[PDB]
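Next up: the same protein chain in two forms, each one alone, written as structure tokens (structure 1, then structure 2).
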Structure 1
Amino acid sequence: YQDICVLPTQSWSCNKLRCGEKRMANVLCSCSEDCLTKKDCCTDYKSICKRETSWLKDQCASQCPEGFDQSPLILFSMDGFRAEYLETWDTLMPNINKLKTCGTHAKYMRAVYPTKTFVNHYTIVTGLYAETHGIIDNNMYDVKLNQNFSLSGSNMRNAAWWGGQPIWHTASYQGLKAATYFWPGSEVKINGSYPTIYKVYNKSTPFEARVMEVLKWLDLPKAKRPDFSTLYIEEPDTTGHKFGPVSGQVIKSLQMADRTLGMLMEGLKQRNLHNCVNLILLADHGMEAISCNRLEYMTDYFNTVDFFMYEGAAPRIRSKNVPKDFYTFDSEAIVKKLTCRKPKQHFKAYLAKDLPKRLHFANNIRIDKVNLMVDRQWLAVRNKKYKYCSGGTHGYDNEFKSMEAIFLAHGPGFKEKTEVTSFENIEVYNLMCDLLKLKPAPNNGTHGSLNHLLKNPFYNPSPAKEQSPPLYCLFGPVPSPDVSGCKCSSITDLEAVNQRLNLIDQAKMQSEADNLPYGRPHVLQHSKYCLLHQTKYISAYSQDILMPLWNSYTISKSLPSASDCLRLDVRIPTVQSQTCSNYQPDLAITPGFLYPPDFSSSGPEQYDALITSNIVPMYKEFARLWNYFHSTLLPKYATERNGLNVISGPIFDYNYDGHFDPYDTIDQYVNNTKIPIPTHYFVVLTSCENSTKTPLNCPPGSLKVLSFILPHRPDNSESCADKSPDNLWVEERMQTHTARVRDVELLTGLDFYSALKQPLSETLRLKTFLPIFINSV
């Protein structure tokens, strides 16, 4: 029986016959004693040679052992492990399934865009969007550096590419030690230094060898023992590329991944650490099927192709002559030439600033202006010679279900037998800091939003303090003469109609209860504004922008004068007001309403909406979207959801950094005026997850939110709808522009839901939720 003792020279498991065997040259992994004292053991050693119960055969059932002060944290990434693999194949992966059964797992973890390996691994350890950490793709150019970055080049090890602070520096700077067994960035002298221990990347290293060395670091003297370590394997990504995500080959690769994790857990058990180590097992992105039959070619759109293209699932286009022509390159002409060309194009071109704001993909010089958003399972490539089109790939929109990643966790810091809703991989950095009792460097995670995964949360979130309390808008006389140019000939007693805008204290409180049921937004921006109380809606009107910061109203389940009737608001000083004359006839902009007059009961109520403090400058083509949304879509939503609380308002993000900006920054205004033009309009729809309740009697833990950040564009070319005779394209357009409430807050400087009677950390979950339709549609 040589074979079962020729196995050691090629196997990592403690087979039945070799329990006690004689050490020779040379076994990769060693049974049996003296394996233990020599710390040479095959991970199964005790279950297989000592007849102990293996980790796997055990039941689910905070005891770190000798010299383990604080829980070590292990971050284990399996490249390309899509959330779907776990949902359908979990019984083919016994070790991961145990972990899933006994620990804490998410329904899925959302990656960042583009859904690429270096982008997402670096986001995981920094908590940063790619536009901030700087690794915006596996391939990129930087005109300031005038340097190219690639996965097969030594420029990638240049620290100038790598921004932010990876978790291994956060630990090291605060007195801990970090060891990485492969991780993008770990071989770079980021901020001038390396992890405490790190390995030179070698894709050929047996996964088993990677686990055994991670186990040895745990075996180190306490003085040198890492407190944080990473583990990385290339499967199921490698096989997924070659054969696609639905293939026998990928299942084989997933089982090989499953055994990798099995070896790790048995090794922890052996060392009595299984209930000591906190372990996070996750992935950088998912995997999707491609075909040489599903290719879009630039040659079909350009007679002449004088440009450089990053091809595939997340394309960009830039000048071929860089850096001379990097900026003069006409990205707008490229986008226009690619727009609405064939009835069923399988991609859509964008300037980066017009990309859905939820992608946070614009504010970096390396992010070429021309971006293509590609339909799932397709690729956009230069010409018909493109060759890398069989099997699988990734890169797409992080909303696609195939791009979702796994997230499983286990250890004393984590709840047991617990399943949490999906969350974003930007949240994981704060989580790891909490598990290592580290203070996080500034990042894009929302600290505390993942506290429901943890047994005793290390971080307790603080409410944001309002920076700008309201000012007073005083009731006053109609100016005489009235030089607004506004007209509303139907009004018979103007002083009486305007007294409806001057509510008694109990009417204010009633309006507050019905239309601001979660409290008024707090203003974190430095802004001068006042609150306008009305029966059906309340707003914060700001002289800084001559319009509301926000407008809020509640519509119940079940139930259109535009500028036939409009008048100045006597509570707003004229010099701080929009006028009807400000909207001169020769214009592409027309007044839009935040609280829609088509919702108020006919009669005196409707006059409360028809005032110059309830209007926002809208492109006519955007108004078309807006009016269809509030006249047709919104009532249908409200009937389906048993009422809706609606808060809406303008966004100005002219430096496209994803945040509100000082008012000096606005670069566009209504012609001949100083009425600023918003880049986006936000809408936040709140109802009850239990549709037997209304937005007003919902338990706070059961609120349902749907937010939109709608680009304020002068045409509807994004929807290919300017020649469209209907509005059935509006819903689809809005669906790709949903957003987290947290995105709205960042862009507006507003803070919502301050009055909810639940823990702040629960409200943070609500605010980080991303509404997604695309996998339902």
Structure 2
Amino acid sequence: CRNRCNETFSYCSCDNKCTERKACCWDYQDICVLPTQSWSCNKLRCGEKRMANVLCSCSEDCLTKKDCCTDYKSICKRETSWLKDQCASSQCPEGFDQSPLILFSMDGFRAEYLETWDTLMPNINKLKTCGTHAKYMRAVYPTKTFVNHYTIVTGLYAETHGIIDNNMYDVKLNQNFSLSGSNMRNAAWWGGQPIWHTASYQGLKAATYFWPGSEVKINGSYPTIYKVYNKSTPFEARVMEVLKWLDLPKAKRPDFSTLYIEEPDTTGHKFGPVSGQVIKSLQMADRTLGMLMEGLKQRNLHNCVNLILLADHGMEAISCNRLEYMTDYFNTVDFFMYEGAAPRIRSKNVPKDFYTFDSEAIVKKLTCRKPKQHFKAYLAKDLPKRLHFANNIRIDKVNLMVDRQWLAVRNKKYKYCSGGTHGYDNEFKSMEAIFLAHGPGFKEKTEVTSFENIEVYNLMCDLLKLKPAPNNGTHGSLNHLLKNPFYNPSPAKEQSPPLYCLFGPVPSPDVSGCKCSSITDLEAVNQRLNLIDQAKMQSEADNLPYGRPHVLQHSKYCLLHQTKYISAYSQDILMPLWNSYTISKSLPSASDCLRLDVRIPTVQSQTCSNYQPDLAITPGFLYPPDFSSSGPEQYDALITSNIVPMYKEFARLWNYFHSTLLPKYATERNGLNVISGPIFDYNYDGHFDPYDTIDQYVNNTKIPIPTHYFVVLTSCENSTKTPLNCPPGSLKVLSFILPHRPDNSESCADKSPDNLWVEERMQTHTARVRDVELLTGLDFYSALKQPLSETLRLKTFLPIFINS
């Protein structure tokens, strides 16, 4: 009965375009309105031909007319369906010289959806089982659609590429940006180099079916091919016009490609991440992918196209019952608020009062007002440096960190409170996205640990054989995903060798202001800072077992070898750049004895009388004298070469870290290697800066005040092994970048009892080793017997606590 499905006029079930009568009749037509409303073709049609109006083609002249249905070749003609096919085990056609790349984004697909519902998404599940997949992939803060999409194709942080939020205001442009229409396509907003222009400049074709910015002329050009954004466009028709692109002639066949759909972001927003509707949209999404996988099969490139499946962010459940209102903290709410899970506060009157608007008073009124607020206010410079959310004029100073599942909004007329949303901290589980990968150059049946999304850009360029523009990702750290890693990482060279800080006598007279009444033979006690070549060797491998930090910053430093610690002292800051010591489990001891170091030139040292009374700053100890056995050993730490100016309120947390927290971490982890130092970042760019940049000092001195203090903790993931005998691959790292502040208002405790606020506080301030390097100009883990791409894996890693 074939003539002519949903037809007029010409047994039963061929008629009619009803013109309903009680019987149309059913049988042969229902499997028909299909070719027009479905992207799949059935049996009852297999071998049929074109029809006047259709979506997908089944059949019969279609394999070479370049139009038929992804499942046609298996559900019409019968060959192994991709889905029903094993994971084995082989290249592109010849009209395909180099391996193509498809970047497929399912907006709002959180990592948890995958682990929990994998069985409900057969095609994504097959793909994960046999592709190369990550446990989760992190987003950048704030977790919004454009921030993270454009981040994904530029390899850059929000603050560098400039799309720092859905809605933003730039005072220098005096302009507004909204995803809700024009002018968002104004190129003035978009910094950097999207992947599609990286392909265009270096000679490749890039086609985008929808990506944030694809419709925008960044730097004066578009993606070779792009699409005006329409959300009503059926997903399947995207997959079809995407597959059509690779049927194109090899000269205009696009090499790079993007695919994007709005689910399960839409349904996650309406009904929340744990809902039946969300599961439905996940199936929808898995179908959208299955088709693509099939058109990969229909053609012969399924094992050739490299495909990245990911999302920009996760989804978190919200409620009208969990909202913070600025009316609770402001008798007068008079200011502009960007509302949500990632709020900001600025002036209503812009440009004029943009800078004048007092962001610190606004933070100070939002601070410690109710015993348990569900958010925290920060000046951007005071945000955790892991977020890299500071250096942009668009990033307003006032920022709120909202607890997960909660929202911070202006008034009580707030309405979008139900369902789910995103924008929270990229450390929250609910915000993690998926990463899956299938293709040559990607291992099969491999899972990898979590990595950040700022890596993906390099990866794409490495797959496309390109040279990526400067970005925040660390090239080579993803080579564990790659059969043939395109780019081999090169150790950065030390640009500042060590200088010598030699031995000398006790000055006469000693004007340092130092006093230590307990030492009996002084030149003897000082003789312990002058090690013989093999005491120095033992200490050199016991306290710097992973190698000495290379110094890439131009600095004047020198190496101070002691038995229990080692440090590089820089005459530029009058303190050590870095300090390393190992504590081995196991393991009341502070300053009452203090003296100058005979190895430091006086003019280049801090003095005991530099820290005069009438101060909010005391000398803190980089190597804790807490950790050495009395007596002669403790003297080795009680020198002015081991001190850093610390705000007393910071010293509070720091001392609690030596005295209680560090011993516990050490015995919990079977000892630790500790390398700590200061950070000066007064331009809040996340880098080290010229020493002319430091804007604060110890009063009536030239002693620089560090903006942060960093601590890198190193041990073995095998608690059976110590930091010293741990094989490099299994090394465990917990890094800290602690804000150096005059008060603890951030813990909302300028009060007792040091207990549980310190650990929480540090917990939100962890960082990658890479973050510390960039802030200090230091290179770590130089002497590790390991492919360096592995060592890059260890340094992109960010420790996250379960609230622990």
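We call the rigid core whatever largest set of C-alpha positions still superposes within 1.5 Å between the two forms. By convention here, residues take numbers in order along the sequence of structure 1, the first being 1.
Peer 1: Kindly specify the one residue in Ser47, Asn716, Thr736, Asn727 whose Cα moves by 2 Å or more between structures 1 and 2, with superposition done on the rigid core.
Peer 2: Correct option: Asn727.
Peer 1: What's the distance in angstrom the Cα of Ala25 travels between structures 1 and 2, core superposed?
Peer 2: Its alpha carbon moves by 2.5 Å.
Peer 1: Could you check how much the CA of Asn15 shifts between structures 1 and 2 after a rigid core fit, in angstrom?
Peer 2: The shift comes out to 1.4 Å.
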